[PDB]
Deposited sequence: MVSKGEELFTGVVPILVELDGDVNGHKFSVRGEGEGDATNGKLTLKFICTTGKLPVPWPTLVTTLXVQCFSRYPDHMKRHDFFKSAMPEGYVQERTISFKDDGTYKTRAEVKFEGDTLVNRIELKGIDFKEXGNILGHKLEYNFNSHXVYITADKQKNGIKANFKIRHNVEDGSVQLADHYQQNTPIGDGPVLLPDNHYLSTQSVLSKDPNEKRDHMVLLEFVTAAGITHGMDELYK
């Protein structure tokens, strides 16, 4: 029944409060998702000024409920099945040979708007690393997000490796460990093992003066043929 809220194009709000090695910042994004095509489009501004980390390090933290699950996989769409009350999504992102992000977020409906509210904390980053050095290129590759059920917690877990292009031509790895738990107390769908397939395009808004990110994301689900 939750899946029903995601026909049509749904409006999206994203709000993040961040602290990275003591650097505090806020990001706000507005946009729209189309779950049926599994596309999604957003513009994010940094409301506290300059962003102390590279925009791409934030992409995965800044709404998998807009994934496109094929008909034969609708039984395994946890994310929509928890709507409208929503879910909490928590993550540890560990950057190789550098610091760690911790994130805690609520994804839920407020009115007709799908809302993602986030707290981010980063520790142990090196000042001259790829992250606080800003050596990361302003782009993004594709990844598989691997999903499994944790039936004991009435939820799901996900694990995946993000590859950030470094300006020197090498790649910064960031292992993602993810846990999602339903906010409401209805039943939800608890998926068999499967994966999301994701791509992001990052660009700029030729009319914006604020530090910002304009984002396009396509995401589909696979991994269980009939």
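Undergrad: Show which contiguous pieces of the deposited sequence have no C-alpha coordinates, counting from residue 1.
TA: Missing from the model are residues 1-3, 66, 231-237.
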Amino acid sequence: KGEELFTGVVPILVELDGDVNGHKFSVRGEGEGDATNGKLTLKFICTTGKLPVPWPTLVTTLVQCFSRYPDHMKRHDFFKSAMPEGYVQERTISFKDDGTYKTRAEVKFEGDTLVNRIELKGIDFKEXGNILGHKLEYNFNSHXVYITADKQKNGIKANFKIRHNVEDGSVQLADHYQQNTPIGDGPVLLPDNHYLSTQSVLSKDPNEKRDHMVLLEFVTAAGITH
From here on, numbers count along this sequence of modelled residues.
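Definition used throughout: the rigid core is the maximal C-alpha set that superposes within 1.5 Å between two forms.
Undergrad: In 5 other deposited structures of this protein, superposed on the rigid core, which stretch sits farther off in Cα RMS terms, 178-186 or 42-50?
TA: If we average over structures and residues in 5 other deposited structures of this protein, the farther stretch is 178-186.
Undergrad: Do the Cα atoms of 3-11 or of 216-224 sit farther, on average, from the shown structure in 5 other deposited structures of this protein when the rigid core is superposed?
TA: Output: 3-11, the stretch lying farther off on average in 5 other deposited structures of this protein.
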